[PDB]
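In the block that follows, a single chain appears as structure tokens, in the form deposited without the ligand.
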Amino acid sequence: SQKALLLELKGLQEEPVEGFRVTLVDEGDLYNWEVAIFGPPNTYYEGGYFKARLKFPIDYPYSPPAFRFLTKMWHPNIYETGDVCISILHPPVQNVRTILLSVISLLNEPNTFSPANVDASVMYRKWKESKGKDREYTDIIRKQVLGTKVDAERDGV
């Protein structure tokens, strides 16, 4: 419903999740949303500004949205296209709020059960088998974090 999405949008603009700003792409189209994501201050994402998109079906909330990062992200659970499978964002237990909360969660601790990016996953593990001594997985996050300044000059804050 347009009502469900109108209610969800308004509810997320009235009580934001800290580090997430949600807007409509075209204010005349409730089915496509843009999400701004500000990296949490004590992770390797801190200072980063990431951009992602949400697409909802015409039968929402019966059917879940699609999530995809616009920013390229090196991550076990993110595809090169930017896609994250919705089931890892909306796990077995309002919808978009919980989705946003999984994003913080997934950014902080990857899920190596069955990874989208195996190279990222093999690297993330190296980062664990050594107590942070192999900085490579951590290095790419940093590079990606500071590359996002360019995006956040193109618009800002």
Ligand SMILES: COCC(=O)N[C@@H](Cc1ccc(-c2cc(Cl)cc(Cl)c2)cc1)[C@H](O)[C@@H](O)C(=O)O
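Note that residue numbering follows the sequence shown and begins at 1.
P91 is a gap in at least a third of the other entries compared, counting only those with both neighbours built. According to the entry, the deposited sequence places 10 or more unmodelled residues between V93 and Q94. Judged by mean Cα B factor in the deposited record, 112-120 ranks above the other of 47-55 and 112-120. Higher mean CA B-factor, judged across 128-136 and 94-102 from the recorded values: 128-136. Residue-level inspection of the entry shows that, of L89, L30, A66, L70, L89 has the top Cα B-factor.
The PDB entry assigns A4 a C-alpha temperature factor belonging to the middle third of its chain's modelled residues. Per the PDB record, residue ranking by Cα B-factor puts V145 in the lowest third of the chain.
Just so it is clear, the following notes concern the form deposited with the ligand bound, a form of the same protein that is not shown.
In this form the binding site is blocked, since the ligand, overlaid from its pose in the bound PDB entry, puts three or more atoms within 2.4 angstroms of backbone or C-beta atoms.
The ligand in the bound PDB entry comes within 4.5 Å of a heavy atom belonging to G39. Contact between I141 and the ligand in the bound PDB entry is found at the 4.5 Å heavy atom cutoff. Remark: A116 does not count among the residues lining the ligand in the bound PDB entry, judged by a heavy atom distance of 4.5 Å or less.
Residue contact with the ligand in the bound PDB entry: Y45 places a heavy atom within 4.5 Å of it. Taking a 4.5 Å heavy atom cutoff to the ligand in the bound PDB entry, the contact residue among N108, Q94, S130, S63 is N108. With the partner omitted from this view, the residue of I104, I88, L70, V122 that lies near the ligand in the bound PDB entry is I104 [heavy atom within 4.5 Å].
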